[PDB]
Amino acid sequence: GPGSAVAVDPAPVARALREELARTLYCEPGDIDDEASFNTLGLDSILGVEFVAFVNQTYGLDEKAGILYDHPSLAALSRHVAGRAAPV
């Protein structure tokens, strides 16, 4: 409870983005790390625009596949999406 400055906000997004990268790249969710790199896992602009199309529909956004080169890691993209997502 008190005496800590940590809060749960990007963590429920990061676990969802991990399960989407696992089926998009045909890999295991345990092979994806939080400090991984999407272009090393196997993501490109063609697989990436379909991954961003899920994110735009799930979190109410209008981003393009260039967001995967601005935030190329799970611990960067999950906090971009958590900060952008609408209150529902």
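Restricting segment 1-12 to residues that are touching a residue at least 60 places away in the same chain (Cβ under 8 Å) and assigned to a loop (DSSP other than H, G, I, E, B) leaves a set whose member that is surrounded by the fewest Cβ atoms within 10 Å (Cβ to Cβ) is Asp9.
For segment 13-48, the candidate set comprises residues that are free of Cβ contacts under 8 Å to residues at least 12 places away in the same chain, surrounded by 10 or more Cβ atoms within 10 Å (Cβ to Cβ) and of a type outside the set (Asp, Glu); within that set, the residue that is farthest from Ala76 (Cα to Cα) is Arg23.
Looking only at residues in segment 40-80 that are small (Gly, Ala, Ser), outside any helix (DSSP H, G or I) and closer than 21 Å to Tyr26 by Cα, which one is farthest from the chain's Cα centre (by Cα)? Filtering segment 40-80 for residues that are small (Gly, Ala, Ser), outside any helix (DSSP H, G or I) and closer than 21 Å to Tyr26 by Cα, the one farthest from the chain's Cα centre (by Cα) comes out as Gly42.
So basically every Cβ, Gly included, is an ideal-geometry build from the backbone, and we count neighbours across all protein chains shown. Every number in this text was worked out from the coordinates using simple rules, so none of it is lab data.
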